[PDB]
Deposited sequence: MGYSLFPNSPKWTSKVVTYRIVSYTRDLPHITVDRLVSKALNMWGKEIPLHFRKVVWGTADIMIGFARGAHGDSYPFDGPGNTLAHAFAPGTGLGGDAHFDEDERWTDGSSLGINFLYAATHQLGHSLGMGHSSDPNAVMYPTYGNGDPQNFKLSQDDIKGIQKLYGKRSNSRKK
């Protein structure tokens, strides 16, 4: 079923900050903001961790869109091939989630990669989830009405405990 990262890195503070740093031409900025919140809350409702949004500076989880090389060691590669990537909890690059601007992204009303699904998968990595062997899992390794699977819930609660 689920996996974590080696040595089970996790956020150990009660509050973790996040920032939407850069946007996509494909959607209104407000829509990206609302879908990012919804994705974080899918995972957050299950566990004792709280997320605080910031609008400037460095936050724990930096989220954004980029083309090509963008300051980490893993440049994007134009249309196709890698779509997005995210880093396990930790200082610096840890927690950050990046999306390739050279794809097409949608809120569900157009052609594109469904941004809510993709953000829920990437932010699973930002919280410490690896990939699952269960085809039903959001954390399965390969890509409109979804929720987290039982396997996704079991793994995140294994890592953080359950929310009371």
> Which runs of the deposited chain sequence never show up in the coordinates?
Replying inline: 1, 145-149, 171-175
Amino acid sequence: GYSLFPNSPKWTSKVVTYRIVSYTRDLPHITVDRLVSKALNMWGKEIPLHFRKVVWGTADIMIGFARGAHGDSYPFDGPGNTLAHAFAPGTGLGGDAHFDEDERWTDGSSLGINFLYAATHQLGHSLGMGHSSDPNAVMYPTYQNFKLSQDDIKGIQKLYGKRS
From here on, numbers count along this sequence of modelled residues.
> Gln144: absent from a third or more of the other PDB entries compared?
Replying inline: yes
>> Tell me which stretch, 144-152 or 11-19, has the higher mean Cα B-factor listed in the entry.
In response: 144-152
> Mean CA B-factor: is it higher for 114-122 or for 23-31?
Replying inline: 23-31
>> For the CA B factor values reported in this entry, which option in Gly128, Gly68, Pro48, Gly64 has the top one?
In response: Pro48
> From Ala39, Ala97, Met139, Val55, can you pick the one with the highest C-alpha B factor in the entry?
Replying inline: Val55
>> Considering every modelled residue of the chain and its Cα B-factor in the PDB entry, is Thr91 in the lowest, middle or highest third?
In response: lowest
>> Lowest, middle or highest third: which one holds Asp134 when the chain's residues are ordered by CA B-factor from the entry?
In response: highest
